[PDB]
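Asks: Make a model of this:
(chains A, B, C and D, ligands or ions: 10)
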Amino acid sequence: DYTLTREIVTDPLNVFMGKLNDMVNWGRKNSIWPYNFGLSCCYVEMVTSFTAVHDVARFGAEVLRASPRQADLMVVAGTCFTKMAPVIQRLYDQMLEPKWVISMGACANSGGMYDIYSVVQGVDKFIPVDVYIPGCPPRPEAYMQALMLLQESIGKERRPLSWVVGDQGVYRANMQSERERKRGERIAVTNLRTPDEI
Amino acid sequence: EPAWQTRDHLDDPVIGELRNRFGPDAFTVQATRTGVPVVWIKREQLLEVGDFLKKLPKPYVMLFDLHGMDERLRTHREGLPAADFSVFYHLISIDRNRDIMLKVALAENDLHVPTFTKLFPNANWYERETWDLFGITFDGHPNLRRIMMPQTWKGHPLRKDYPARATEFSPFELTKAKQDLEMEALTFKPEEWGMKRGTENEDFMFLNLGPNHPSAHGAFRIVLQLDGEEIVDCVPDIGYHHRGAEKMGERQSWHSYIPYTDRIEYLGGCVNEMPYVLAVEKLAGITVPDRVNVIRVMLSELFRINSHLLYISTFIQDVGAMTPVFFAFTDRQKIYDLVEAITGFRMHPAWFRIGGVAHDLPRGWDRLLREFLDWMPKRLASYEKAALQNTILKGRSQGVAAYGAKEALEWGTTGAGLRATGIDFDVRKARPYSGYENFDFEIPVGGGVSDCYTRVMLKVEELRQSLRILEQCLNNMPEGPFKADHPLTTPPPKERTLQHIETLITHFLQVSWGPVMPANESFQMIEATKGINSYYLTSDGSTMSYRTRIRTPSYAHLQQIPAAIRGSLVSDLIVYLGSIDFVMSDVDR
Amino acid sequence: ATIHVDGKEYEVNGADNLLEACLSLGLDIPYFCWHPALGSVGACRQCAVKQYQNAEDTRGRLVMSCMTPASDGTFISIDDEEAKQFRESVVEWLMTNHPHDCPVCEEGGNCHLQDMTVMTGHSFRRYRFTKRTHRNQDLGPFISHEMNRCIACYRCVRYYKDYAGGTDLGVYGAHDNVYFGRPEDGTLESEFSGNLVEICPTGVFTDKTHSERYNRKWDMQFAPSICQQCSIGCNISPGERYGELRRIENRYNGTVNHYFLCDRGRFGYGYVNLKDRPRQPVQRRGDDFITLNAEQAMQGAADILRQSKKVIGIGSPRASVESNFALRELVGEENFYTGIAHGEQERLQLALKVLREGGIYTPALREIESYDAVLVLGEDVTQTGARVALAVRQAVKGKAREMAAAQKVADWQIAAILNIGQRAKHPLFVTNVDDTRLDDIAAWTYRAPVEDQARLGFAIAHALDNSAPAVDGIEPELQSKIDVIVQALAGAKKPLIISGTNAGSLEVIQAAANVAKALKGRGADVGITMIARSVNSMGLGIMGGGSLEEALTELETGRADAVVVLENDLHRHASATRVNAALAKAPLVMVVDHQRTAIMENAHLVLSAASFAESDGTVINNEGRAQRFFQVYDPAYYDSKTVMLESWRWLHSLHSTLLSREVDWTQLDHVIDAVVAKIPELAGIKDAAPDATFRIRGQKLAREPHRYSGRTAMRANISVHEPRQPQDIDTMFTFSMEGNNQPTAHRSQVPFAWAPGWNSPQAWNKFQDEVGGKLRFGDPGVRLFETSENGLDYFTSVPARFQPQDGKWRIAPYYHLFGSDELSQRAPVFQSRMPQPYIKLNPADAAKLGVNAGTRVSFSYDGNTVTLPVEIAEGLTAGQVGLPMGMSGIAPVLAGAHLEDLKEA
Amino acid sequence: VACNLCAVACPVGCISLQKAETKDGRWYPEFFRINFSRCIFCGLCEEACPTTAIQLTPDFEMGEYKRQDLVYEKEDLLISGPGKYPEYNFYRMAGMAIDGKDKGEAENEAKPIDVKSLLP
Ligand SMILES: CCCCCCCCCCCCCCCCCC(=O)OC[C@H](COP(=O)(O)OCCN)OC(=O)CCCCCCCCCCCCCCCCC
Ligand SMILES: C/C=C(/C)[C@H](O)[C@H](C)/C=C(C)\C=C/C/C(C)=C\Cc1[nH]c(OC)c(OC)c(=O)c1C
Ligand code: SF4
Ligand code: SF4
Ligand code: SF4
Ligand code: SF4
Ligand code: SF4
Ligand code: SF4
Ligand code: FES
Ligand SMILES: [Ca+2]
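Replies: Residues are numbered from 1 along each chain as shown, chains lettered A, B, ... in the order given. Ligands and ions are numbered 1, 2, ... in the order given. There you are, the coordinates:
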């Protein structure tokens, strides 16, 4: 099952064009350039993930450009304030295709604990979001897990290869949700370690 | 005599001097648990009293705080003057090691106060915040505009008749504010911001630093007026990180507001939890046992080391060296391993409680603490040798944005910025709290000039002293309860909740409705990771807070920003921003 | 009197006990066994304070503040160490045998024992031994029993026996095995048994209807509403959760219904939660029933109304003043008729003429408890207006209160009052066609036909004053009974005459008015009370209008092709065949209602209205007081397809689209000003409640407590995005916790009682100026009409003696608390408490036609043969047949109407 | 036991449940949903649980594609075993009678004595 934005359609993918599309998606998922955007706590956990004790560089995502033109992925790592919501919208509009959005934290997901007059309740109110991460803050390894989720989503999509030949239509993959996928093993947990130990 | 008792502070000398100068009718002394003399003062004599306090033999050189309060809903105002609004001024005299509070009462219609910016230049941002959040006008203020909310914002959020939850979202307002941002960058008018000489020299170029900021401080704006590379004048634009924490303090109970206290300064964690729970313990009349004090000191010092490591690494990265941020984040991961073992979280543990801590220390925490204390000092010396002794870093940082003790005092700068001027004023030694007397540690002080380099070295010595405190805490841990025996200890101990019915009743009414604090006023001032943090709490007798005031030092530092950087370079401004140790959650909140 | 508490001087009422005096000043004293409405007994020993003899003392003495008078110059201390230690020890003693049941207990968050445990500061357990346990009884469908949680405070037995007059609940057992309940299993037969869930400070008696779909008190959304089940109008707090009505709590009103409701009002609310309700405007096309939105239905109804030639209106006493007025404005005044029968309308107008022209003051519900003699004519008060019967019980106990007060015994010493007043009581004379529930305290009961009741009333009026129309043909023993009654009423200082429209005769009300006028001519302080049938019967009577029979004739002829019917099924006031014919011949039938009725299978258009849990409005009680009820929740919050609008909003928008072709959802205050300008008699509802511009220091009034939970997850099953808060443009309340519910706010409407530290229903103490008295800053509701300066004359129309004739069985109405109100019997929980519809016959008549008990006998009314089973009634008179009004197939319009074609089936 | 304490101890308000009861008398949640897009993982619900039902496992991999899929219902939260607390049972402490536990069979509870018993 696939989603069009230019709807619900089927997989359209000839075998040579599919192979080149596979290599294009492979090169796109194996090189993701996030935008250096410092909002709040979750950005500090992102730069914790970037450092040597964690080494997100192994996935080829250590670039962290300061310009929206060079960067591909927008990580909303913090609260969407009413003053910074046009700033986030302009920074998203100043990006280039392909563009992916990862919302770090309950602030970026839904507004989090701050149901307040000066906070936008989630960045998905006005920009599309590819991957959400819960946590306040999510740990750096959760950020890497969402990075592999984004890589899996990129490796299955079918973007147009060229702007002169082909269907100019964004083909995102309706992946199986992680809750239903991991319900087979999360329920089977019986005994955990007692909290008195370390 | 308990340390949480409702004292009147009529034995304070300053009350005697005020009665000798202005007579014994001109003001009313209010008995509080704040630990400071609270004096309700007539509005017409406010500037006279402020100048008199500034001209004392040991004067009140520092305006610690200045904010309003909506008293229309306050049912318990026994002894208080008849007021609809009030404005309080918290003034700290370092020489006396004391502080006073002046409260000006205001009617509902005549909401104007004489300005305080003539006596104290740091009153500007506080009065702008009071006008923005409460609608209280200050006569004689130079540029009275909103500082927390945008200029096109109807109403005043901190009033009691203003809704606290989020309103309806509209993309049309988003497009309107986008248009405002787009014509602001093209049709900028340097007149409403209080700046003069709007490129009158035909070379005063205009630059915008933010609002996007690729660093851990957060999002903020500075509009720079430049002559070549010299900064003629700059107007900071803050409010891009305002979460409305005080309005949420009016909306959460005393127990459930602790996570919101965590996110005031997200590099602080338990250091941010400490003054709030101490003030609520003052309100409840709880004296915590010794083991609680040692545990809270342990976690506060650990988070202080974490914050100082992040600050030193980010300053070094702002100078230009790259490896120390990776190494210091490895050390932060060691700290996070210990904190995860203790509480169960990394950044915002939410582990302190009213009357103690959440759980007990796990079986084997001493091994992790010993591993961390063996891991740190060699790496800290390596950081000093690799980056902090480099002469390029010294050339970038020494002598940049320097100010004396007078500029630190008149702007309310506290922490390393105050101790780099030689003023030995640490809250952990001058006004001790949470069992800090039992530990032996040094307070590093500067020569008398606040460079970026001097502040960084002071934070390094504070890191070493925090390591000393952690060593003392590891070698000496009392055996006892992790929660107090008070009935208002929220929550009660868990096993008695699970097998006793009175404890179950206390737990049931404390997690659902909240603990009922008797109507009083409390105030706790602690030394945070970036200066002086304080919570001033007003309870009306309910299970929520009638007023939550959070004084944070990065507000005063960002207000001091245009005073010290005028006449310098833009790279000097970048280094100065890297050496202030501020986060925008701590500024705006 | 002057008291000094903890070195602070206070001025209190000198006749109050110390506990209520200190509670009225805002001081906190823990207490269990004391209630403002029940008195003091000194059982729980919780209210201990240290009393000093004079100004300078150090020892003091621990005294019970509920048993100590608040005399002048009384020096006491609450926060002394000995007193606090004793109160904590009493709480600890109560906590030794208490079960570990708080999470699974329905009183958690509403428990008085929890608040008193926290307030005394007791949180450490040292009792290590076993705890006693008790078996739990079955008390019926409404009350759930858990004797483990009892603290033996004797509130239940005191209320249920001394106040409620019930006989099947008592205390049994011994030293620590005290058991508070029935001697066996079964339902509590008292009509005020539902107040036990608020009288009991613990989780012993719980609302089983609430306990089925249970939520906690902080999770409730409340609104201050008026009870919609009879004409007394007891203020209630409906509280909902997840879009369904959850619990009806008692809302304090110091003028009407202070601490207690009846069982019908407390438990007759399950029709709001029914699944078969109309939730959308539905239009039938042939056999299909399509659903329109608001605007589509408004345009279609406007078009079909405009193509008609003449339109008529039919209101209801179940609707508010504003809704009936909006209907009347939609159809016109000259084409407006009520939804009640001609005889019912004539009785209602006669009762209203007595009320606002007879010149004799009609007391409020609280003021009934001060009258010194009660004469009830025809009305079965316990089954229709039960709370008035409770006030009559209090007025009967007033004689024992006066006899105790003659011996300098204080009012709160209820034990001494009951000891001195053993069996002497104020005279109560009830007249009914059978045995009334008040017969246990009644000085005399008159079992006779309704004409004989009116003859008795006119005979009493003639014995009181010579100018009254005499009654000839009175038996000498009955004449001696009139001598007894007139000797009781002449010597009474405040006589009271209660009757009602449910009696079913004009002459009973006329005789009551003649007795009242004769008492007034002697200078007595006579009060008079009329009971009406439904919630807003007085509103429909005051607005006037034609009867239902004129509307039925007008529809069955065919002059109007357009009829509007509001909040009515028409079978409670007219026959089913006539209504079916009139609504099938008419080509355009509009019906605005909130309950699935029987006439919706052949109605042209039906608009899903909003009930009192979903609508605002103003209703008039039987006394004549306009009371404004508010909306509890928005049905569109949990489901956007749900178009449930206010009825006056529906009719006003339809009239606006009829004239100007524009959809207009108006505001409530505009309708209030409309009824004030148009109707000078209904001009008194302007100040019943303040408008939507009313603010307490700038903020609205909160409908839910501050700890309202699940805000970001209660609707997350449908959509993860939170919707907009429902804006309440209609009134001064907001649909959230962003509001004010302070006990010291300058307001009269209170949604719920909550003080910090007082989570129980004892939090109502903080909302009154003095506890047990009026509400602070006044009580909501205002009197529409005052006392007239002259009165009516004596009604000469004396009825003749009843004659039992063969074939014509006169029907005696047997109303019930459970099963005589429409909306109450719609509830599914009432279906178990509702008894079987049993036709009651005399032994003589049953022997005459050949009946024994329990046999199925059929009778034909209006050509409809229905079969009911026979119970033998002794107190009924021969020539009458007792029938229960409001049952399945039986209408309340059959009261006082003869019945034909009665043989055994 | 669906006692609604974790929903009200939640400062975000991201817990919604509703109490239902079996025929024996035991209390269970009819449903139990936690909006994990809103939850800040503060642990106040586990601290407020008087039965130690709700717990926080050491598991961080909860990132999702759709925000609606972060609403975990009762079947997404109920695990097979006792988790971190392996032996505590609330209904052995509670005084209410359920299936397999009559009055007086709870901990530190004596057998119920009838008022009609012959002992003084
Ligand atoms: C293909 C192979 C090529 C690979 C690269 C190999 C060569 C690398 C060359 C790098 C050159 C960097 C030059 C930096 C010059 C900086 C000059 C300067 O002004 O620095 C500022 C600092 C302080 O200036 P001052 O005015 O004294 O400050 C007082 C006000 N606070 O002033 C100072 O700190 C004074 C000292 C400045 C630096 C002196 C020279 C250092 C040269 C770099 C180290 C080379 C090490 C050997 C490399 C391998 C050789 C095989
Ligand atoms: C082949 C062509 C290319 C474009 C290559 O893909 C790579 C990306 C090129 C280079 C030159 C590699 C590394 C330099 C770099 C772009 C970032 C390092 C970094 N990393 C951080 O986090 C770990 C930071 O902390 C916030 C930083 O400040 C800095 C400066
Ligand atoms: S989700 Fe929590 S950690 Fe992340 S930005 Fe928000 S408050 Fe900070
Ligand atoms: S059952 Fe309730 S009202 Fe009756 S004595 Fe026990 S605690 Fe008091
Ligand atoms: S009656 Fe009160 S104390 Fe007893 S179990 Fe219920 S909530 Fe707890
Ligand atoms: S007496 Fe009437 S108004 Fe009062 S609660 Fe009962 S049914 Fe409702
Ligand atoms: S851990 Fe999450 S669900 Fe639990 S109380 Fe905290 S925010 Fe609420
Ligand atoms: S999870 Fe625990 S706190 Fe929440 S309702 Fe269930 S038993 Fe109560
Ligand atoms: S309230 Fe006085 S002893 Fe019970
Ligand atoms: Ca409404």
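Asks: who does residue 9 bridge with?
Replies: No chain in the question, so chain A it is. residue A:2 (DSSP bridges).
Asks: my bad, the chain I had in mind was chain C
Replies: Residues in a beta bridge with residue C:9, per DSSP bridges, are residue C:4.
Asks: can you pull the contacts of whichever residue of chain D sits closest to ligand 9?
Replies: Nearest residue of chain D to ligand 9 (Cβ to the nearest ligand atom) works out as residue D:115 at 23.5 Å. Placement of C-beta: from N, CA and C, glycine included. Residues in contact with residue D:115 (Cβ atoms under 8 Å, 6 or more residues apart in numbering or on different chains) are C:172, C:173, C:174, C:177, C:179.
Asks: Assign residue C:467 to helix, strand or coil.
Replies: The three-state assignment at residue C:467 reads coil, by DSSP: H, G, I helix; E, B strand; the rest coil.
Asks: unless I'm mixing things up, it is touching residue C:794, no?
Replies: Yes: Residue C:467 lies in contact with residue C:794 (Cβ atoms under 8 Å); the separation is 6.3 Å.
Asks: Give the residue from the two that has the larger number of neighbours.
Replies: residue C:794 (18 against 13; other Cβ atoms under 10 Å in any protein chain shown).
Asks: Now for that one: which residues touch it?
Replies: So residue C:794 contacts C:461, C:467, C:468, C:469, C:514, C:517 (Cβ under 8 Å, 6+ apart).
Asks: Which PyMOL command selects the buried ones in the residues you listed?
Replies: The following PyMOL line selects those of these that are buried, judged by 16 or more other Cβ atoms under 10 Å in any protein chain shown:
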select buried, chain C and resi 461+468+469+514+517
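Asks: Can you sort out which of the contacts of residue C:794 also neighbour chain D?
Replies: For chain D, no contacts are drawn from the contacts of residue C:794 by Cβ under 8 Å from any Cβ of the partner chain.
Asks: Pick out the most distant pair among the contacts of residue C:794.
Replies: C:469 and C:517 (11.6 Å; Cβ to Cβ).
Asks: which residues are common contacts for these two?
Replies: Shared contacts of residue C:469 and residue C:517 (Cβ under 8 Å, 6+ apart): C:461, C:794.
Asks: Just want the residue of chain A that's nearest ligand 5.
Replies: For chain A, Cβ to the nearest ligand atom, closest residue to ligand 5: residue A:195, 27.4 Å.
Asks: again with chain D
Replies: Closest point on chain D to ligand 5, by Cβ to the nearest ligand atom, is residue D:95, at 7.6 Å.
Asks: tell me which element that residue is part of?
Replies: Assigned by DSSP states H and E, residue D:95 falls within no helix or strand.
Asks: Contact partners for the closest residue in space to it that isn't next to it in sequence?
Replies: Distance criterion Cβ to Cβ, 6 or more residues apart in numbering or on different chains; nearest residue to residue D:95, sequence neighbours excluded, is residue C:99 at 2.5 Å. Each residue near residue C:99 by Cβ under 8 Å, 6+ apart is listed here: B:501, C:131, C:133, C:148, C:149, D:94, D:95, D:96, D:106, D:109.
Asks: Let me know the next secondary structure element after the lengthiest strand in chain D.
Replies: For chain D, the strand that runs over the most residues, judged by DSSP state E, is strand D:27-35. Once strand D:27-35 ends, the next helix or strand along the chain (criterion: DSSP H and E) is helix D:44-48.
Asks: contacts for that following helix?
Replies: For helix D:44-48, using Cβ under 8 Å, 6+ apart, the contacting residues are B:255-256, B:259, B:350, B:358, B:491, B:494, B:507, B:511, D:5-7, D:9-11, D:15, D:52, D:54-56.
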